[PDB]
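A, B, C, D, E, F, G, H and I are the chain letters, set down in written order, and residue numbers restart from 1 in every chain.
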Amino acid sequence: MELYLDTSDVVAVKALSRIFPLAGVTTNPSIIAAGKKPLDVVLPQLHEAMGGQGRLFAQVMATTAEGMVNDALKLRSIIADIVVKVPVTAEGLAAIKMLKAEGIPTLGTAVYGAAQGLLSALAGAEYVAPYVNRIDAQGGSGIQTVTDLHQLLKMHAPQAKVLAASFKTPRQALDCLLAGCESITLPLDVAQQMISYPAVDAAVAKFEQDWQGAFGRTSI
Amino acid sequence: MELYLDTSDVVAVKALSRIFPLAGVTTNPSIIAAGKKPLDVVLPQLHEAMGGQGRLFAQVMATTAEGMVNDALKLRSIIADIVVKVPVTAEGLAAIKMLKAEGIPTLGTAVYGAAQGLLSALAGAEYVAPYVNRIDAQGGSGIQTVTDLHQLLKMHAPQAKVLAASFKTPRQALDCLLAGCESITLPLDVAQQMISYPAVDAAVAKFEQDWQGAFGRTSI
Amino acid sequence: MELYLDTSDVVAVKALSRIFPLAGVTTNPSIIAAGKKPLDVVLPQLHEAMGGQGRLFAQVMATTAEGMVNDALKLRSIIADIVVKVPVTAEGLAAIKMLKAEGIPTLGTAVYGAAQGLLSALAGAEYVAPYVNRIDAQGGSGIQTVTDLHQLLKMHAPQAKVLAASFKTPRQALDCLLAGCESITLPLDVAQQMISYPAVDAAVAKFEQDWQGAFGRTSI
Amino acid sequence: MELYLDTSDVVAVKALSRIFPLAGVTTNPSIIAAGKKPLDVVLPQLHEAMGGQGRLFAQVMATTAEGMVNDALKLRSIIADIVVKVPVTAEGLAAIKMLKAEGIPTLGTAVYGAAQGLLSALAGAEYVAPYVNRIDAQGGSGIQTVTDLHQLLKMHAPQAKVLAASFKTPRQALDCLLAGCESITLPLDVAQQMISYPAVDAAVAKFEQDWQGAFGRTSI
Amino acid sequence: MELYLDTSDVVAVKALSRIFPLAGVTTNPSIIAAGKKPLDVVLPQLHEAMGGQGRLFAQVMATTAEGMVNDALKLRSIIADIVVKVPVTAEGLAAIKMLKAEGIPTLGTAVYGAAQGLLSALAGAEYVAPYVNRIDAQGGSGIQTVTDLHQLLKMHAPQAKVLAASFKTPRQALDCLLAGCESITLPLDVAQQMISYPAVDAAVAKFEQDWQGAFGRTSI
Amino acid sequence: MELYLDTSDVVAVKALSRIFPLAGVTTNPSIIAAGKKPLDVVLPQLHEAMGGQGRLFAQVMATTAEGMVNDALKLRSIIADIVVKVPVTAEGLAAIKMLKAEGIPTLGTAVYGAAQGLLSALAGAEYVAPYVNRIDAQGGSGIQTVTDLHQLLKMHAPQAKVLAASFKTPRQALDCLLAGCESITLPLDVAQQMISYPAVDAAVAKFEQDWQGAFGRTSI
Amino acid sequence: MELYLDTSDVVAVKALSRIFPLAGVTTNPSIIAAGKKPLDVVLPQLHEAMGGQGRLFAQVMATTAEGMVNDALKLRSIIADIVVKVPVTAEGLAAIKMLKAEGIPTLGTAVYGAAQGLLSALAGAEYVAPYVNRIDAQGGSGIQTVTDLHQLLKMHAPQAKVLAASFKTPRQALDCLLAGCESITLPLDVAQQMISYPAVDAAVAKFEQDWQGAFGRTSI
Amino acid sequence: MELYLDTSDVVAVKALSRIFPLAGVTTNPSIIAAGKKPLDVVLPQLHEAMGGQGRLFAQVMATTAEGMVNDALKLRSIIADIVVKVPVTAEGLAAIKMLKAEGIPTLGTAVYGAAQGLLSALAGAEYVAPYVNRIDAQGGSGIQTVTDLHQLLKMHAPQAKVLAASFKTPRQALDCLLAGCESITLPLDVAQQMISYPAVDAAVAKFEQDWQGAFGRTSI
Amino acid sequence: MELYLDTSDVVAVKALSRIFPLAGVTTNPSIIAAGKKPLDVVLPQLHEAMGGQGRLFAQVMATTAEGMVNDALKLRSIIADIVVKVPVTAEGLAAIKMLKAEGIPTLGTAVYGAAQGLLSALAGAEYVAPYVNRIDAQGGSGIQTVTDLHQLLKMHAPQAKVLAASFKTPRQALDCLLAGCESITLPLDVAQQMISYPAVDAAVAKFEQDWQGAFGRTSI
């Protein structure tokens, strides 16, 4: 299982590095725009924030196959081992094919259809990233869509993996993991809601209270 | 399958040693408080009660990652091979991470969510212990939660194992075992209700009665 | 839906009368033994405990048909409208039949089989009381048994109603209610865990904290 | 729901009359042969054994339509309101047509097929009696067949009712009742195992044990 | 529940009239050709073989809407109340429309699609007749096809009824009846297979045998 | 059940009027563009091809609420009783509420979400029209979406009805009808493939061939 | 089905009044605190934004039963017909009971358990408001919990209704409606996401494009 | 698969040895009482009835661990390779454990709970024998219990095997085998009901009848 | 998968040898009687129509184990490698055990019970042959029974295989194959209906019609 964060704030990334066993951080130009900082700064700083380990992900903006080819060349020049994710269109499939020919790992993003993601995987993307929240909000069923995509990948192209993103509530992440996703990423607020429970807090408080009422200190 | 006792009564565990194939005894500071005796006394006596065999478990109470690190150092000093369980918070995950770094086996306790247990397992905890009775009491469904946690473990983290606790009726234990739990623990009252059945007693009485009416004795 | 309490402590009954919309209180000779007080005292005081309202239930102890006949006569002499529960044996069936002939409402207790309860209902018992916790403890399935009993009653004897008892966790009561039970009774501890949730407490605390930080009062 | 007994022993019928709310007793020439006594003698005897109330059933033995017509005439001469059951063949359907024309109630026995029983019911039979134990013993599924027959009767001929027979264990009766059967009959051994439970006995025993431990007496 | 026969032999019809509660006899030009005799002869003879009561069905052979209009006029001239079935084409739907305009009951035959039968029913045909055996032989599934047809008729046009035909084994008839068919028809041999069971024969034989062994006589 | 056509060809409408029991014809501006003829001509001609009966539907083209109000006034001026279709946007809901205040029946089109259709139905649309084929083509599930919409309407807004459109194969229409749709519309090609089957043709051919081989003629 | 809004902005409420058929607006002290304006000022403004129609909801704040009694008195004094929501505790239960005694309609809020909401409904609350998003975030399952609550209400207390709240994604609202909720409330952003779809926008755009290509305008 | 017999009649065992591929015979002291013959006689004669092969099973009668120790010693002295069955109590588990220490194979009998049988298997008994008929008659579900026991064994203790006993009808044996039981034992009458079918007999009869019709004789 | 033919017409076997990949032909004395010719004449001719390959099957007629042993000896003397089929009785089981001791492969025929077939397979028959059509004709469920038989074989006796026979429609063969049968045999009529479809014929007709309309020839 691979755990990533969809954010670009260096301080939060470094702070949460000590908590979860991070496998890397994925970023999108929307989050980059939110952070306001230029990429040639954000990737180095975030890389140092995660201790120089893990994986990295960045997204191109071009519309023509050679255009996102050149964009991926720039990204690989900046960070040697980054994976370049590309929106899935006809040009997206093309860029995937020549990028796989060049041997640079690629990710399929903006996936709204199981057939679309399967086509991207056949073209050669090692990762496929459906937009769970957007698909769910647009009248679809992101959970079932992820299920079908996972089944198709496992039963035709084993080497491909599913990377779930676009989360708003912990439940969506729970169902995505239950569907067999090999990798997921989550935003900071959902991550915080993963590691806080009033029931857990009350249980710990009662636990310490009993220890205190018994032995007259708190420490072991 | 690993069977443990959720209690701290030396005489009780010694008496029940000849009945069930005990794999160890798990203790929590609440039960230790009920037993009123200090840990440095109860652990050696219990270890002798299992004849120097079986597994052992104790829990920290600190809030800071270094705090449960020091506590776990104390437990490993008292008992070399004892497994230390930690309440699952952000600090719990941190402590689990450096504990897996230093190579001390750990257990995840006070687990109320499948995602929480999955996070603990990814951090590296060897066992995950949800509170089935507490979850069911607080409007949740402990059985389905345990099933989901087991599925997530078998899917992403094969090396982790589920250790069910917090039982009030034999039905909960049976359901947890049917869910695929690799290890469970139970209290003395549930253990007693496990091995007693009026139907079994009546069948044995009728059986001996048949032998009596046949041969003039109940013997041989 | 009919809500009752299976206990005999006057103070607790009176205190909880202000909270739940009580329909009555059921008692059994085991609970009477626990309370240590004679019935001719406990029933009047309890009747005043919910102020002369609700329903009352008490159980016979004789084995012979005329035995619980005289018993039920004594209970009706003490409280005019009390409903008498009888254990379901052959003598129980005979007693239920001829008490239904006399026109005194009766209840079927100590029910361990759905067909047993159905036979009691055919004999004429107004209520049937399975022992869910004991059935689960003895390797059965109380929830499914209650389900079959409810289906059989709604199919053949519409006038009979299921009165669930013998609870240890609120989950059992939840499943019994979901099965279609028209009446349930529960003990004090399950009632207390029923109306308390740390999540609710934290939510209301944060709620009033926000309103306090906004305007500085504790009420409208 | 209609409860009957498939037996011919006057003493047992009278003894069990005080236990269950009997609706009558069904008889067949097999159990008549086992009882050894002639029908014209036994029939008034158990008729009085049920207190003179309830239903009665007896079977023909002829092979030709007019033959079992004459048999039914003899039975109606012996007792006015008895229901005549006939084995289901081509002659059975013809005899049932004649008997329905004469307005004498009839029952369909020896039913091994759902379609066969449905045809018998459409011919005018008020009752249909499959042989659950025999069908199960011959590699079929008595419970399934009863279910299909019940559904067919309900959704085509509402006036027909299913009368299950041929039982060896109480489970078969339980599933027949769960399938929606409006009437069942059972043998004496199944009745005795039906109304006896060691668990119930032990519960009652513990009950007056604690009553005695409280009040110096097992009595109220 | 309407029981019909799909045959054209006067002797067989009259013989089976006494056994099954016939609602009528359906005929098709194929079976009429097999019977070799002309319609103007056969229909009076079958109508008398009924005992004078029941329903009669015959089919047109024309292609043009007015053509089967004239055909249906001829059938109504021969037998006043006969119901005319028409093959379902575009011309079939047209013919059904003018026949519903003129108030002559009609039946939809040669139905291979549930939507086709729905269209016929909406056009106004009183009955719809799918060909179960042919549909099954041609790679379809007549059972589920009839199921969907029945569901559609019930939930859109309540007045239409399903009349299943084309049977080869009793199982097909059983599933058609279980699917909710209000009427079916049945060939002679498969009908014979409804009314013969070796198990029933052996049961009757043993029954008479034990009666004889007990009473030294065969008679009741 | 309401049967409609989604086309604007007068000749085809008139020709198919003799076959199916038409309840009306729905038109959309795309189909009007395909037909190339102006609306003030197409609606009168279609109405005359109707025989003067049935229902009519037309769709407005403005964006602002009073805009489609005025357009609906124009259409209702051309044909007195036409139902106005409106796209479901915020302005669509506004216009629907205004028209419901004016008491003119309205049509909800371009429904890609069950919640959107429910909102239109609450606003007052008499019918809701999802685009099954487009929802399918965009990675959704048109059949399941129609199912949820039908359930929601039957649950909360009994007066609303589902009008399925956008079909490419008769299978989609079959599933839509099975889901409980009270009205559907079909294109000409799907209608033609609907009422044609080679199996039916071959069955009719064999049928008249046998009639010929019997009587020297294929005629009655 | 009753549609409400959970917000406190007068401008947004009035703007959305023309779009959805609003049944009222619910407010909670958290949102009131966010608005920072006193309730006696805010709710007249909302009432006018309704056009003087619809329902209103406000929550009590004190702790003692008489405390929320006086609070509800104040709310009824300020707005005559306003419904009062109360957090569900023991005090909340008592408040609900005697408020039903003097006939003040009440709503059950802060519900985290189906049995808790069922108890509130038994106490007499007209509406029950579970917190779907919070329950899902805390390891539960809000959808299934709402399902059980709805089933229990329809089974035991028909007059009670479920009012879903706490939404973050359209799917939660869709599933709550599918579960049978009679009323829901909706935050502004999620409501906006109910009425915007890129698919619908593109369909409308192409629609005007073809009208343009046909008649030289997108108009008329 | 292992087939055994639960009986003690030498003649029947020898006679059935030629028919079924016997793997052994299990005996219980009740059956020994029925046979009235002493064990030191029945086991040698039964072994000779085997022809000198197969497995043998006998049960202890003592209540104290050393008591069944001595009993098992006597049985192993009598027949070297006999497997000892022990009733499952606390002393039962203690005995099972120490004979697993001594390397003598053991069987768990009188099993009424899946958890009980699983505990016996963990203690080490090679076989577990639930009482299907008794459990089923006492209001339980023998088939489901056997299924759960088999699932638990295959999940946690692969080496343990389920040995079903206590049968009354062939259906119970069929379901037990379908549940995955690796070994079953069945009584003489039920085994006879496995090897007789009237349908099979009629088929054989008709078969020789057609051979006779062909060749004037029933033989090849 | 093994494909066989249940017939004895040499001309038909020879003709169909070119079409299907025959694995052999099974014969029974019923179809032998139908062919009227003696076995010693027919079976060499069928072996020659085979092309000298495939498998052969024939049945005994004796009722005694030794008699059908002699029958099998005669068959093996005539044809070196023919497999002998024996009816499954007690004598059949004995004959199978002895024949397996002689190393001659055997088939169990006239199988009406899954337990019966499983017993034969344990006795040593290489194949098991149920009679699907007779079973479903006699009120059973041939498809389900074949399913259970296949499950039991794959569970306990891996070497046994299912050989389905007795077919009337291709649907039954389809379900038998779907159940996992490793071998099936079908009659000539079902084979002819199997490989013929009017839909296929019409598709081919349209196909070469289009080829002709394109290139002025139907040729390639």
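In the analysis below, a contact is a pair of C-beta atoms (placed from the backbone, for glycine too) under 8 Å apart; a residue touches a chain by one contact, two chains touch by 3 or more.
**Q** Show which chains lie in contact with chain A and also with chain D.
**A** B, C
**Q** Average the CA atoms of each chain to get its centre, and name the chain whose centre is farthest from that of chain H.
**A** Looking at centroid distances, F is the chain farthest away.
**Q** Over half of the residue-numbered contact pairs in common: that is the test. Which of D-H, A-G or F-G passes it against A-B?
**A** More than half of its contact pairs match A-B, so it is F-G.
**Q** What's the distance between the Cα centroids of chain C and chain I, rounded to whole Å?
**A** So the centroids are 64 Å from each other.
**Q** From the C-alpha centre of chain B to that of chain G, how far is it in Å?
**A** That gives a centre separation of 44 Å.
**Q** Using mean CA coordinates as chain centres, what's the gap between chain B and chain H in Å?
**A** Computed from C-alpha means, the inter-chain centre distance equals 35 Å.
**Q** If you average the CA atoms of chain B and of chain C, how many Å lie between those two points?
**A** The answer is 34 Å.
**Q** Could you pull out the residues of chain A that touch at least 2 other chains?
**A** 138-139, 141, 170, 197-199, 203
**Q** Which of the residues in chain G end up touching chain C in this complex?
**A** 28-30, 32-33, 36, 38-39, 60-63, 67, 70-71, 74-75, 87-90, 93-94, 97, 110, 112-116, 118-119, 122-124, 131, 134, 138, 148, 151-152, 155-157
**Q** Within their complex, state which residues of chain F touch chain I.
**A** Residues 198-199, 201-202.
**Q** Can you check the complex and tell me which residues of chain I touch chain E?
**A** 133, 136-139, 141-142, 168-172, 193, 197-199
**Q** Considering only the defined contacts, which chain E positions touch chain D in the complex?
**A** Listed in rising order, the residues of chain E that touch chain D are 1, 3, 18-21, 170, 173-174, 177-178, 180, 194-195, 197, 199-200, 203-204, 207-208, 210-211, 213-215, 218-220.
**Q** Could you pull out which chain C residues touch chain H in their complex?
**A** So the residues of chain C in touch with chain H come to 112-116, 138-141, 145.
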